[PDB]
Amino acid sequence: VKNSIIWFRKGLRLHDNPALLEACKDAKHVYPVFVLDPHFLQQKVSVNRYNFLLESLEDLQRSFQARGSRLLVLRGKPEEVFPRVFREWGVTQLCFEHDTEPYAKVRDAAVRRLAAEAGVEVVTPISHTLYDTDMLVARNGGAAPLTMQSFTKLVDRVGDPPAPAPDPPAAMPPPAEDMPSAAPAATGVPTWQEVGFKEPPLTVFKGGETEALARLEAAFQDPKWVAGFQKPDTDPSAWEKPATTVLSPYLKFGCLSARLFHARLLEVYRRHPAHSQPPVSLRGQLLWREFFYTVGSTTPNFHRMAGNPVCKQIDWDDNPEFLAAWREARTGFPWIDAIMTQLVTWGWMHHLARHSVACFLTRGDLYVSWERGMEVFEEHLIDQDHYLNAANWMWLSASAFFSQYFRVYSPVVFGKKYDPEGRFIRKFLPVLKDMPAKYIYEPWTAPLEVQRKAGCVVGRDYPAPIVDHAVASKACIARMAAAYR
Ligand SMILES: Cc1cc2nc3c(=O)[nH]c(=O)nc-3n(C[C@H](O)[C@H](O)[C@H](O)COP(=O)(O)OP(=O)(O)OC[C@H]3O[C@@H](n4cnc5c(N)ncnc54)[C@H](O)[C@@H]3O)c2cc1C
Ligand SMILES: [Cl-]
C-alpha cells in the first residue's frame, strides 16, 4: 500500500498544491506534516510574523478536518524526525513544494538522502514561483537576467506560467490511528503564548489560506482598478484602506498561490485591452518577485555585501546611535517615525513607505549599511522574504539594480504630497495628534506656544531631528559619488 507524507514548509494552502495532489493519489494514508522547532527563540522574530504563521497552520487544520484528515505539527528538526516517522508510518512517498532559499537547499538535500535510505520516493513540484526559476536561467543562455526589462522579455518568450493545480478531493486518506508520533497532544498547533512570546501580537492582518482568498476576491471586486493598476502612482499614506493588495504575507508563506493570482489577472486583462503593462501593472508586481527570486537563487551571498558579485562595496558607516534612533522610531522626522511604528505594530507598510525609511537609513541621510536595516525588517515584517528583502534593500541603497544616487527622498516633503493634514502621522504617532498640520512634518519649527497648546514639546514629548536633511543628504551624495568611481 501507499503511505505518503505531504510536508508543509511554505505553500500553506490546499488550492494549487500539486505536492498534495500527488501525495493523495492511490494512497491509503496521508500524513500532512509541519515541523516546528521549539527552540527558535533561544538563538529576531517578532510575534506578529510568528503568530501569522500559527494562524495559517490553524487554517490548514480546519481545512484538513473538514476533509476527514488532520494536520500534524511535529516538534524537532526535520533530519531527526523524518527517519523515525518513515518507519513508524510505513512511508513510501514524501512530497513537498520546492524551495530555493539557501537554508532550504541544505535542509532538503539532507532529507532527500534520508528518504533514499528508507526507500521513500521524493516528489518536489514547483509552485511557490510562477515558473521553474532554473528553466528561465537555462533559456536565457545559462545566466540570470540582471534587468527587469530583459527579464520581462524572457518570460514573454517562455509564455504564460502553468495553470493552477485543481482542488484536492473532498475526502482525504486520513492518518493511521494509534501511531505514537501522530498523537494529538504532541501534534497540535500551539498558541503564541506557548512558544514563549510574552507580548501579544498587534497586527491587523490575519494569517491563513481562507483570509488570503477572501482578500484576493476583494481586490478583484473592481476589475477596472485591477486593470489600470500602476504601482508608482499609489498612496503610501492610506492605512484604513491600503492602496495595494496587501497580499505579500500570504504569498510569502504560500497561503495564496502566485499562479492563481496570475491566472485571475489574465482573465481581467482579456476583457480590458487598455490594461497596464509591466513593470507597473499588477502582473508586473508578481514579475518583480519572480525577477528577484531568479537572480537571488543563482547569486552567492546574495544577502550580504561582501562576497556578493552583484552588490557594490560601499563604505557604510558604523553608527549604532543612528541605527538605534531609526530602529526605535526616534529620528525626529514624524513621517519616518510613523512608518517605523507601522513596521513594528502592523508588520507591513506600503512600498513607497519602505522607500522612505530605507533611503533615509542608507544613501539618503544616515549612511548606515543596508544589511543593518535588512536585519530590522527581517524581524518585524510579516511578509519577510529572504530574496525580496535583500534585493530591495540593495536597490534602495543604490548597491545593486539601482544606480541613481542623486534621487534622494525628502523625509519632510515626500508624505506631505499625499497627506497634507498628516492623518497617517496622527494615527501611528498619537503624541502629535493635536499639532497643526502646518508643523506636523516639521514639529521643531512650531513656536513653543503651538507646541504647548498641542501637548507636544520637542525634546520633551517628541524628539528633535537627529540630522539636518540638507546637510546629511549632500554629504551622503558626495560619498556615494566617490564610491561609484
Ligand atoms: C526595503 C524593502 C524591503 C522589502 N522587503 C520585502 C519583503 O521582505 N517581502 C516582500 O514580499 N516584499 C518586500 N518588499 C517589496 C514590496 O515593498 C512589497 O512586496 C509590497 O509592499 C507588498 O505589498 P502588496 O502585497 O500590497 O503589493 P502589490 O503592489 O499588491 O503587489 C503584489 C505582489 O507582488 C509582489 N511584489 C510587489 N512589489 C514587489 C517588489 N518591489 N519586489 C518584489 N515583489 C514585489 C509581492 O509578492 C506582492 O504581494 C520590500 C521593498 C523594499 C523597498
Ligand atoms: Cl522627495
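Hey, any hits in segment 447-460 for a residue that's surrounded by 14 or more Cβ atoms within 10 Å (Cβ to Cβ), assigned to a loop (DSSP other than H, G, I, E, B) and at positive phi? No - not one qualifying residue is present in segment 447-460.
The residues listed here are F292, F261, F322; of these, the one that is more than 16 Å from ligand 2 (Cβ to nearest atom), more than 24 Å from the chain's Cα centre (by Cα) and in a helix (DSSP H, G or I) is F322. Could you check, for segment 399-414, whether at least one of its residues is of a type in the set (A, V, I, L, M, F, W, C), part of a strand (DSSP E or B) and within 14 Å of ligand 1 (Cβ to nearest atom)? The answer is no, given that none of the residues of segment 399-414 is of a type in the set (A, V, I, L, M, F, W, C), part of a strand (DSSP E or B) and within 14 Å of ligand 1 (Cβ to nearest atom).
A count restricted to segment 355-397 and to residues that are within 15 Å of ligand 2 (Cβ to nearest atom) and either assigned to a helix (DSSP H, G or I) or not assigned by CATH to the domain that holds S410 (or both) stands at 9. Summed over segment 21-55, residues that are in a helix (DSSP H, G or I) and in contact with an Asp or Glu (Cβ under 7 Å, 6 or more places away or on another chain) total 1. If we keep just the residues of segment 341-354 that are more than 14 Å from ligand 2 (Cβ to nearest atom) and either among the β-branched types (V, I, T) or not in a loop (DSSP other than H, G, I, E, B) (or both), which is farthest from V431 (Cα to Cα)? By that ranking, first place goes to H351. Candidates are the residues of segment 177-232 that are away from ligand 1 (no atom under 16 Å from the Cβ) and aliphatic (A, V, I, L, M); the one that is surrounded by the most Cβ atoms within 10 Å (Cβ to Cβ) is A182.
Somewhere in segment 119-134, is a residue among the aromatic types (F, W, Y) and buried (at least 18 other Cβ atoms within 10 Å of the Cβ)? Taking every residue of segment 119-134 in turn, at least one turns out to be among the aromatic types (F, W, Y) and buried (at least 18 other Cβ atoms within 10 Å of the Cβ).
Can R49 be described as of a type outside the set (A, V, I, L, M), within 16 Å of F253 (Cβ to Cβ) and touching a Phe, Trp or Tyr at 6+ places or on another chain (Cβ under 8 Å)? Against the criterion (of a type outside the set (A, V, I, L, M), within 16 Å of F253 (Cβ to Cβ) and touching a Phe, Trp or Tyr at 6+ places or on another chain (Cβ under 8 Å)), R49 does not qualify. Flag: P420 does not match the condition of being buried (at least 22 other Cβ atoms within 10 Å of the Cβ), away from ligand 1 (no atom under 11 Å from the Cβ) and either assigned to a loop (DSSP other than H, G, I, E, B) or on the phi > 0 side of the Ramachandran plot (or both).
Cβ coordinates were reconstructed from backbone atoms using ideal geometry, including for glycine residues, and neighbour counts include every protein chain displayed. What is reported rests on the model, the rules as stated and the sources as named; no laboratory read-out is quoted.
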